[PDB]
Amino acid sequence: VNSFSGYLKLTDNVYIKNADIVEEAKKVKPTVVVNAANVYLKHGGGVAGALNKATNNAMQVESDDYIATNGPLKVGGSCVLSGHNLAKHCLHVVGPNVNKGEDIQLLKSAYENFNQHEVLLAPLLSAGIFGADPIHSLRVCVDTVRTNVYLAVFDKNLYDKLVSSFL
Ligand SMILES: OC[C@@H](Nc1ncnc2[nH]ccc12)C1CCC1
Ligand SMILES: [Cl-]
């Protein structure tokens, strides 16, 4: 039993809700919140910009030190950093950005990072400003993640479409 509330159950391990991931994280304080990161951990917009704003830029400060030490992530890769005031940990995961010409096949690799964590609050990878089809992303999530994932879909209209089309 966990403290997530109001989710629709899609499969044994995947759950979905129309919600602002920032507000969800502040309420639940999950062990792991997933950020929709880029390889430079530059948290400008979308989920990343919103999460970073909610940390008063502490996420960005920590991320800049991480990059200065380690260099950029790989597309499809991840790193674990602090969750600041939002969660215990933040798993920064880089899905492919279609608006950069990146290979959508890397979306499965990106979701594989979730399997290293028993429970996660997460967005749909590569959706929104990353330019991929959210229906496809949800399908890849369900077919790749085996741990317990609670998906927050910000757009109510998109949420309704994902549920009604879910196979
Ligand atoms: O990953 C892409 C998704 N982005 C977010 N998901 C959840 N909460 C969010 N808050 C700010 C952006 C954001 C889009 C699909 C509908 C939104
Ligand atoms: Cl977005």
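Residues numbered from 1 in each chain as written, not as in the entry; some residues may be left out. Chains lettered and ligands numbered in written order. Heavy atoms only, no water.

- The deposited coordinates for this entry were obtained by X-ray crystallography, with a reported resolution of 1.0000 Å.

- Per the PDB entry, the protein carries the name Non-structural protein 3 and comes from Severe acute respiratory syndrome coronavirus 2.
- This structure appears in the PDB under the title "PanDDA analysis group deposition -- Crystal structure of SARS-CoV-2 NSP3 macrodomain in complex with AVI-0003638".

1. Focus: the environment of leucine 167
Right, so step 1: With respect to the secondary-structure elements, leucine 167 resides in the segment after α6 (156–164).
Right, so step 2: Each C-alpha atom, one on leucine 167 and one on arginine 139, is 8.5 Å from the other, the two residues being 28 residues apart in sequence. (Helix = DSSP H or I, 4+ residues; strand = E, 2+ residues; numbered from the N terminus.)

2. Considerations on the side chain of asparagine 52
Right, so step 1: Along the chain, the position of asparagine 52 falls in helix α2 (residues 46–54).
Right, so step 2: Of the residues examined, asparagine 52 reaches a relative accessible area of 6% and is grouped as buried.
Right, so step 3: Discounting chain neighbours no more than four positions away, the residues touching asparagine 52 are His43, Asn57, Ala58, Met59 and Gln60. (Buried < 20%, exposed > 50% of the residue type's maximum accessible area, 1.4 Å probe, protein only. Contact = heavy atoms within 4.5 Å.)

3. Some points on unusual backbone geometry
Right, so step 1: Of note, the phi angle at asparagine 57 is positive, near 75 degrees, even though the residue is not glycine.
Right, so step 2: Along the chain, the position of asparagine 57 falls in the loop between α2 and α3 (58–70).
Right, so step 3: Relative accessible area serves as the criterion here: at 37%, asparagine 57 is assigned to the partly exposed category.
Right, so step 4: One non-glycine residue, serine 126, lies in the positive phi region at around 65 degrees.
Right, so step 5: Turning to its location among the elements, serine 126 is positioned in the loop between β6 (119–122) and α5 (134–144).

4. Notes on the pattern of salt bridges
Right, so step 1: Following the criterion strictly, the structure yields five salt bridges and no others.
Right, so step 2: A salt bridge links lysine 26 to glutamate 23, with the shortest nitrogen-to-oxygen separation between them at 3.0 Å. Within this pair, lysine 26 and its partner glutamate 23 are both found in helix α1 (residues 21–28), separated by three residues, close to a single helical turn.
Right, so step 3: Residue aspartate 160 is joined to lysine 156 by a salt bridge in which the shortest nitrogen-to-oxygen separation is 2.7 Å. In this pair, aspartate 160 and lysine 156 both sit in helix α6, four residues apart, roughly one turn of the helix. (Salt bridge = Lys/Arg side-chain N within 4 Å of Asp/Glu carboxyl O.)

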